[PDB]
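Chemist: model this:
(one chain, ligands or ions: 5)
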Amino acid sequence: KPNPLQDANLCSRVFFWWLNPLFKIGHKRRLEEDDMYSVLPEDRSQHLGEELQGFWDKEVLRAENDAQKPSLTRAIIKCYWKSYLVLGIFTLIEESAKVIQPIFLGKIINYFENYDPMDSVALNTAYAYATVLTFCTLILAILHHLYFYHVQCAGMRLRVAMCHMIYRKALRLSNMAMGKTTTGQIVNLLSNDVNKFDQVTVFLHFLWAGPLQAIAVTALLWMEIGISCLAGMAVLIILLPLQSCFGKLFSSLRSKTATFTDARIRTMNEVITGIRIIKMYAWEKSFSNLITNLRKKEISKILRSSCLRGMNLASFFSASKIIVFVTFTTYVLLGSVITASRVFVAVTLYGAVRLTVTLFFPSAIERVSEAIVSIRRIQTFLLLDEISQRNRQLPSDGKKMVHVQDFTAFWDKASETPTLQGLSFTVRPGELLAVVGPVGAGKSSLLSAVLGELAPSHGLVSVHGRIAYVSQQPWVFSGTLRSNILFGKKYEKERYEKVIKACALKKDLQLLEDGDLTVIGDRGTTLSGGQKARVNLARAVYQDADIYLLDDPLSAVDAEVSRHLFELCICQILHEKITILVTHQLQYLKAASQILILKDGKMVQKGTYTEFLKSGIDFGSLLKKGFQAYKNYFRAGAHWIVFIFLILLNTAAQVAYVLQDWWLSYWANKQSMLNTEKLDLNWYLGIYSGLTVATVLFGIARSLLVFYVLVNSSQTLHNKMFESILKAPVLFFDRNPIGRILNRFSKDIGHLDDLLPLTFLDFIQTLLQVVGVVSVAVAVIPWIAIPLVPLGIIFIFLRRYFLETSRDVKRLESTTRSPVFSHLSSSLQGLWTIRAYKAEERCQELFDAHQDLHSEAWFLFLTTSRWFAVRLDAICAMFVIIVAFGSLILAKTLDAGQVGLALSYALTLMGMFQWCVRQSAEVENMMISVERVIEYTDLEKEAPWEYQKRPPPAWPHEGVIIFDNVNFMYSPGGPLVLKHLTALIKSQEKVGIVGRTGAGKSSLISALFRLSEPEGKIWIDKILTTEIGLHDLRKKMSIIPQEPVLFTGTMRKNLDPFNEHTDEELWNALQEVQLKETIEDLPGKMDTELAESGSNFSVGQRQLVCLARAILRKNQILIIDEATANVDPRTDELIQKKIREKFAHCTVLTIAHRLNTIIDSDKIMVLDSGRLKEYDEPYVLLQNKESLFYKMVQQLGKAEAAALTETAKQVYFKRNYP
Ligand SMILES: CC[C@]1(O)C[C@@H]2CN(CCc3c([nH]c4ccccc34)[C@@](C(=O)OC)(c3cc4c(cc3OC)N(C=O)[C@H]3[C@@](O)(C(=O)OC)[C@H](OC(C)=O)[C@]5(CC)C=CCN6CC[C@]43[C@@H]65)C2)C1
Ligand SMILES: Nc1ncnc2c1ncn2[C@@H]1O[C@H](COP(=O)(O)OP(=O)(O)NP(=O)(O)O)[C@@H](O)[C@H]1O
Ligand SMILES: Nc1ncnc2c1ncn2[C@@H]1O[C@H](COP(=O)(O)OP(=O)(O)NP(=O)(O)O)[C@@H](O)[C@H]1O
Ligand SMILES: [Mg+2]
Ligand SMILES: [Mg+2]
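Modeler: Numbers count the residues shown, from 1 in each chain. Ligands and ions are numbered 1, 2, ... in the order given. Next comes the structure:
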């Protein structure tokens, strides 16, 4: 992938002419990673990393010699100052040109004031000054883009070198340092703490070019207009503390809103997760009240912050007008006169110095502070204690063996008991040494000590030869299964096939789409734990090391796979290699040549399996311990009359802004056309003050109205979205995951609430300023409207051409960034396995390649932006040149005031044009959140909660249920679940529910509750379920679900959200459920907040709370669904007994996976794939062996079957025959 930048000349590099093929390809089709240009040799990660590493080591050595702390900042400066001085020269030149050009503007105006049509020398001089002005504009418009690209390239180089150094350090962190730190911190100081270097270098050179430009501008202003410039300078200086105060208050007002936003998001997550339980209980009104209160509380603070930001923007808009008004008011009041060669030079100088003082200097200060903080963080990281490099090995005879003598060490030096107590043993090739012990013995500690991870406090360890080590937890890195097995070594087909066959990985390969080439992500999302363990063992065997160390290889695999592995990949293959193995299964101890028993870090016994059998101590014994989007977004805010008023306000503000400068020009012309007689100062100064006041007030009003309208639109959209969500049927929640649902409530609404209104206001402001500049230029010289049409057409086509490729470049850069973090995380998690072999330089090379693949896209991201900016600035410079030369060509018509006004506005169009284009692009990007919110606004809605026809309040009187021809489908067009169910449930009868694991037992409650609209007729106390609203039907039947859920709140809230009961009644219910004494010992009597689903409460406690809820509701129809699954027998018996005794006179339908709980039921439904087979007493079903009830009873066993039959017979005899 050759880089055309390596070929281009200086002329092509100035205009970025070498990116045209890339833009052509991007316009034609989509851009993939194969279309990117490889980085230049000087920008490769390894080169920069090694250069900065050498400089940093030299600085460290010097600092240690001098005996002070080292300075990463000093190292970086010593490395990059020579390359960062030339950019300083160029920014000096650029700032000098910026300061210079108003002088030539004033010279042109001065020529216009002393016009003489017959003179030609003055015309020639004016043309020369115009040429110099065009040269200055070209300098500011053309070369600045190459300068900016190099400025950003410096920061990119710094960041790449920093990342390389950080990874190189992290690859050799000691055990204690790794215990201090975490993987998250190391990933964070690459994802967030290294990106400050991209931004520090942009504004770094302004720390000396800001005050210098301010001083030069002040000197020029004093030379031009006199002492009156001090008032404008004072106002400009005062402008900074106002910004500081605004930013200080805005941060507090913003941080005061997260405490409501996070609570709202947490409640939303709870609602979305437990939507089925809420719908069954009909608590949507309570949750709606809670969410509404939280939203209002957050919206108040959002409104306050928006008002503050609008005031800040209005202050920026009116600052220049205020400065100029004050300056020229004191200038005129001191006794001078108004002239166009001075007014419109002071205006331009004030504008330039105001931009520089207000924005660039504070931005530079902030970026430098952040970069210093990040540098200090990385500097602290780079001095963590590192593992001492494996020193010169003791001279041996080349034999491969492992020996340990008198070893004693501890991970922590403050521990009372050492990790290992005087270990002393040796192992030779061909010996299968096994270590057997309980959890915590220290077998993995012994293996780590052999590897060298445990620093020997006392004793000696002699290990020679290559090492094969198997971690307790299998590890898979960012690659493929073939890559995992190869571990970077050269691929051999025969050896790979031999290892695959020996490891029985053929089934795992066949289970994958690509087989052995399938990509496995972080933590093996595409694989399983057994596959990871098999891959780890295969890699260890394939690497073909002299010494093999194993640690818990077969704990998490099946019996056949474990036996086949332990035999054919260890006993035969590794019979020529040194082997030390850690076991937990006793069946593999027979094949072990050596066995050691370890407990409490102390040696117990070592010998063969026969010797241990003769010892008499049992191992087992020892092992037991579009446009419509904009239209709807604007309509949701306010009426269209408000839109008309907003348009009028914007127009009035811009008109006053222009008219103040026009009035200055008119004053200058009227003073010039005079004669002593004097101008009436009262009139002119009064009109000036009125125009300034009107500009300020109109700007403030426009900003406030825009902000309020857009925030109201966001609030209305959120209300509509939540209202729609609360009524969507369960099918919608089944289709969409919880994360997707919560994303539109967390991120999209977050954008709409704070970012979009302010972005819109800024874009409108800048666009109106550009329109005003163009309108002034057209009004002064009408002929300028001719080339404006070609310029607009060219701009539109160029914008389309650029945007067809910029988005692809941005997505490529976004998708090429995560592999770096994934590789870092994988290498950090498998650091011991990486360091076991000598392959860490290969991991460094892989990381370098991953970093290069991202710098590949960053380069394009910078260059395409510069490519667009060059042409935009060319268009703007053409406009400026046209104005400046047409004014001189038509000198017989215009006058000084008009010429100066038009020329100054043409000069100020710069930067504003580019910012307007960028903000338009950003707004178009941001509208997708509004699109998604509006999409969720109009979801499908289920039946209304209430109907016109209301049943009597006493219904259900008895509780008789009729099922007639019930066909149930979860989704329309999906498979049928229930097939023509026909049954009658008499009042106050206990019915048990039986069938297979997919018989549809839990599908009956959905039909009864009408969660999904069923087909057929269901009659309850002679009312059909399809002619009454859902909230009037679900409220009269109680449900006890499989997994109880408790919502975060008070116990009174959890037991009675609608305050329909009394505290005494709730206490009586709690006493009935025997949880009252547990309730009344917390810090609060009944208002104790809980965690998610009551994480501090037991499962039995949650079931008991659900039973208490059912008791409190005290409805006639009770349904229980899979009550006891993994609860203790005591709580199971408690729940069964309480349910049996408390609801004697209430109809109960119970679905139980076990027949023990539902043996005493009066009747039993038999379900076969949604077909109702048998409905009668359980004794009758057990009488006939052909019944499915008898078959399932016999499936359980014999003794339990006999007990169940006896219990059913006893129940039948007691009930039917009293
Ligand atoms: C304090 C007074 C004043 O604001 C300073 C100062 C001047 N302003 C007047 C308008 C203005 C600004 N530049 C201009 C350049 C030419 C002509 C006019 C202007 C700007 C500003 O503030 O315009 C409101 C500004 C704004 C944003 C900006 C960068 C920027 O100047 C460099 N961004 C770059 O990406 C955006 C931002 O979102 C971002 O960086 O996002 C990752 C940014 O947020 C952060 C955290 O930086 C911000 C502004 C804080 C926040 C919300 C909305 N977005 C829209 C554009 C952007 C802005 C700077 C007045
Ligand atoms: N890397 C480590 N850092 C800190 N403590 C450790 C480390 N490795 C082991 N230990 C401690 O050393 C003691 C014994 O470890 P060890 O028994 O090898 O762990 P184990 O493998 O989970 N149990 P076992 O399988 O019987 O060896 C325990 O107190 C561990 O917490
Ligand atoms: N939301 C759903 N959408 C579509 N089919 C479903 C859904 N939930 C369950 N099913 C299937 O519909 C059939 C009805 O079985 P089901 O409702 O689970 O009763 P059950 O299995 O006997 N009781 P349980 O095992 O506790 O769920 C089964 O084949 C389920 O897999
Ligand atoms: Mg261990
Ligand atoms: Mg079910």
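Chemist: hey, let's count contacts and neighbours off CA atoms from now on
Modeler: OK.
Chemist: residues from the protein in reach of ligand 4?
Modeler: Contacts of the chain with ligand 4, taken as Cα under 5 Å from the ion, map to 443-444.
Chemist: and the chain, which residues reach ligand 3?
Modeler: Residues of the chain that fall close to ligand 3, judged by Cα under 6 Å from any ligand atom: 970, 977, 997-1003.
Chemist: pick out the most distant pair among these.
Modeler: Greatest spacing in the residues of the chain next to ligand 3, by Cα to Cα: 970 and 997 (17.5 Å).
Chemist: which of the two has more neighbours?
Modeler: Between residue 970 and residue 997, counting by other Cα atoms under 10 Å, residue 970 is the more crowded of the two (19 against 10).
Chemist: burial measure for whichever residue of the stretch 501-650 of the chain sits closest to ligand 2, as a count.
Modeler: Evaluated by Cα to the nearest ligand atom, the stretch 501-650 of the chain has residue 601 as its residue closest to ligand 2, separated by 7.1 Å. The number of residues packed near residue 601 is 21, by other Cα under 10 Å.
Chemist: count the residues that sit near residue 809.
Modeler: By the measure other Cα under 10 Å, the count of residues near residue 809 is 24.
Chemist: phi and psi next, for it.
Modeler: Backbone geometry at residue 809, expressed as degrees, to the nearest 10, gives phi -60, psi -40.
Chemist: repeat that for residue 1037.
Modeler: phi -130, psi 130.
Chemist: what sits against it?
Modeler: By Cα atoms under 8 Å, 6 or more residues apart in numbering, the contact set of residue 1037 is 1115-1119.
Chemist: between those, which is closest to ligand 1?
Modeler: Ligand 1 lies nearest to residue 1119 out of these, by Cα to the nearest ligand atom, at 53.9 Å.
Chemist: just to revisit the earlier point, please report how far the residue of the stretch 501-650 of the chain closest to ligand 2 lies from residue 206.
Modeler: 63 Å (Cα to Cα, to the nearest Å).
Chemist: what of residue 10?
Modeler: For residue 10, the distance to residue 206 equals 27 Å [Cα to Cα].
Chemist: give me the more crowded residue out of these two.
Modeler: Neighbour tally, residue 10 and residue 206, criterion other Cα under 10 Å: the higher count belongs to residue 206, 23 against 9.
Chemist: closest to residue 621 out of the contacts of residue 1037?
Modeler: The shortest approach to residue 621 among these belongs to residue 1119, at 48.0 Å (Cα to Cα).
Chemist: is it true that the closest one lies in a helix?
Modeler: No - counting by DSSP: H, G, I helix; E, B strand; the rest coil, residue 1119 falls outside a helix, being strand.
Chemist: closest to the centroid, which residue in the protein?
Modeler: residue 747 (9.5 Å; Cα atoms, centre = their mean).
Chemist: tell me the contacts of that residue?
Modeler: Counting by Cα under 8 Å, 6+ apart, residue 747 touches no other residue.
Chemist: give me the buried positions along stretch 857-874.
Modeler: 857-864, 866-873 (16 or more other Cα atoms under 10 Å).
Chemist: stretch 976-989 too?
Modeler: Of all the residues in stretch 976-989, those buried under the rule 16+ other Cα under 10 Å are 977-981, 985, 987-989.
Chemist: do stretch 1137-1152 as well
Modeler: For stretch 1137-1152, burial by neighbour count (16+ other Cα under 10 Å) applies to 1138-1139, 1143, 1146-1152.
Chemist: could those residues go into JSON lines alongside distance to residue 574?
Modeler: As requested, the buried residues of stretch 1137-1152 are exported to JSON lines (distance: Cα to Cα, whole Å):
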{"residue": "1138", "distance to residue 574": "62"}
{"residue": "1139", "distance to residue 574": "62"}
{"residue": "1143", "distance to residue 574": "68"}
{"residue": "1146", "distance to residue 574": "70"}
{"residue": "1147", "distance to residue 574": "69"}
{"residue": "1148", "distance to residue 574": "65"}
{"residue": "1149", "distance to residue 574": "62"}
{"residue": "1150", "distance to residue 574": "59"}
{"residue": "1151", "distance to residue 574": "55"}
{"residue": "1152", "distance to residue 574": "53"}
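Chemist: name the element whatever residue of the chain ends up closest to ligand 1 belongs to?
Modeler: Closest approach of the chain to ligand 1 (Cα to the nearest ligand atom) occurs at residue 759, with a separation of 4.6 Å. Here residue 759, judged by DSSP states H and E, is contained in helix 749-780.
Chemist: which helices and strands sit right next to that helix?
Modeler: Helices and strands touching helix 749-780, by 3 or more Cα pairs under 8 Å, 6 or more residues apart in numbering; DSSP states H and E, are helix 284-333, helix 640-672, helix 681-725, helix 896-908, helix 912-937.
Chemist: single out the most deeply packed of these.
Modeler: Most buried of those, by mean neighbour count (mean count of other Cα atoms under 10 Å): helix 896-908, with a mean of 24.
Chemist: what ranges does the stretch 951-1100 of the chain have for its helices?
Modeler: Ranges of helices in the stretch 951-1100 of the chain, per DSSP state H, counting those that start in this stretch, are 1003-1009, 1030-1033, 1051-1055, 1063-1072, 1076-1079, 1099-1113.
Chemist: just the buried residues of the fifth one, please?
Modeler: By neighbour count, and taking 16+ other Cα under 10 Å as the criterion, the buried residues in helix 1076-1079 are 1076, 1079.
Chemist: so what are the domain limits for the protein?
Modeler: Residue ranges for the domains of the chain, per automatic domain parsing: 1-204+793-870, 401-622, 961-1176, 1179-1218.
Chemist: as a markdown table, those domains with distance to residue 781 would be great.
Modeler: Listed next are the domains of the chain as a markdown table, based on distance: least, Cα to Cα, whole Å:
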| stretch | distance to residue 781 |
| --- | --- |
| domain 1-204+793-870 | 15 |
| domain 401-622 | 65 |
| domain 961-1176 | 69 |
| domain 1179-1218 | 97 |
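Chemist: of these, which is nearest residue 686?
Modeler: Proximity to residue 686 (Cα to Cα) singles out domain 1-204+793-870 among these, at 26.1 Å.
Chemist: so how far is stretch 935-942 off the chain centroid?
Modeler: Stretch 935-942 sits 26 Å away from the centroid of its parent chain (Cα atoms, centre = their mean, to the nearest Å).
Chemist: can I get the CA coordinates of it in CSV?
Modeler: The C-alpha trace of stretch 935-942 is given here as CSV (Å, rounded to 0.1, in the frame of the first residue of the first chain):
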residue,chain,number,x,y,z
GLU,A,935,-39.4,6.5,15.9
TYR,A,936,-40.0,5.2,19.4
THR,A,937,-42.8,7.8,19.9
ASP,A,938,-45.1,5.9,17.6
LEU,A,939,-44.9,2.3,18.7
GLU,A,940,-47.8,-0.2,18.6
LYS,A,941,-50.3,0.1,21.5
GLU,A,942,-52.3,-2.6,23.1
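Chemist: what's next to that stretch, contact-wise?
Modeler: With Cα under 8 Å, 6+ apart as the test, stretch 935-942 has contacts from 717, 720-722, 724-725, 727-729.
Chemist: closest one of those residues to ligand 3?
Modeler: residue 729 (11.5 Å).
Chemist: ok, the closest one touching residue 1011?
Modeler: Yes - counting by Cα atoms under 8 Å, residue 1011 is a contact partner of residue 729 at 7.1 Å.
Chemist: tell me the contacts of residue 217?
Modeler: Residues in contact with residue 217 (Cα under 8 Å, 6+ apart) are 99, 349-350, 353.
Chemist: may I have the secondary structure class of it?
Modeler: Of the three states, residue 217 takes helix under three-state DSSP.
Chemist: got it, and residue 434?
Modeler: strand.
Chemist: can you report how many residues lie near it?
Modeler: Neighbour tally, residue 434, other Cα under 10 Å: 26.
Chemist: got phi/psi on the closest residue to residue 802 other than its chain neighbours?
Modeler: Closest residue to residue 802 apart from its sequence neighbours, by Cα to Cα, 6 or more residues apart in numbering: residue 868 at 6.8 Å. Main-chain dihedrals, residue 868, degrees, to the nearest 10: phi -70, psi -40.
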